[PDB]
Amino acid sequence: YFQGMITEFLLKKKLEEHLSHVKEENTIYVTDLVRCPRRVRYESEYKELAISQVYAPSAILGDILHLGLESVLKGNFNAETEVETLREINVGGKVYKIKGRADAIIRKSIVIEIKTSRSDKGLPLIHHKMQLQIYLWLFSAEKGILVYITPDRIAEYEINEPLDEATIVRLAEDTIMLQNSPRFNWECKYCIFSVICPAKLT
């Protein structure tokens, strides 16, 4: 192929996967709760532009790697991979659904979140920890492992404290009400919506 046969295939499967998930009206993904609110909303308001995230090479790397590593978790830890669930909360009155997909779960029960930075500075990153903390709440699990596979180091962290629904709720209204953007100062640097976004840190 002019792109290359393997390249063409991975890009084609990754686009179909990205197109796969239409988000319901009142559903908030776990991953959205720990990202910039404007970014989340842009993903919904500017889907055509949002599609370019499919062609991010570190994303493709990360997916192949979750696939690699998830195989071994199935076959030695008897784990469930890519496990979805919902759980409701009420926000300013309205009922919102919080939707998450865990990289792996083990059945007490263990949630496993796999990450791959290109750098091992500062591990574990607060936003990766929060995410996992929220999945603990989501799946009502007692134990969490956050495991980083980076070129400079492999490191694994036990995270066992779930986030309190009270803060989950307040992370939620911050997402719905676009209250504080960006969520972390580093987000704008890599954000594809910074070309049009008024809130962009400069």
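We number the residues from 1 along the sequence you see.
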Self-check item: Count class of coordinate-free deposited residues lying between the neighbours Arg107 and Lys108
Solution: 4 to 9
Quiz item: So which stretch wins on mean C-alpha B-factor, 31-39 or 58-66?
Solution: 31-39
Self-check item: Comparing 134-142 with 42-50, the one whose average Cα B-factor in the PDB entry is higher
Solution: 134-142
Quiz prompt | Residue of maximum C-alpha B factor among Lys121, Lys94, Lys115, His127, per deposited coordinates | solution = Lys94
Practice problem: Taking the values exactly as deposited, rank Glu156 by C-alpha B-factor within its chain and report the matching third: lowest, middle or highest. | Solution: lowest
Quiz item: Comparing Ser194 with the other modelled residues of its chain, is its CA B-factor in the lowest, middle or highest third?
Solution: lowest
Exercise. Would you please rank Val22 by its C-alpha temperature factor against the other modelled residues of its chain and give the third it falls in: lowest, middle or highest?
Key: highest
Exercise. Using the B-factors in the PDB entry, rank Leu15's C-alpha atom against the chain and give the third, lowest, middle or highest.
Key: middle
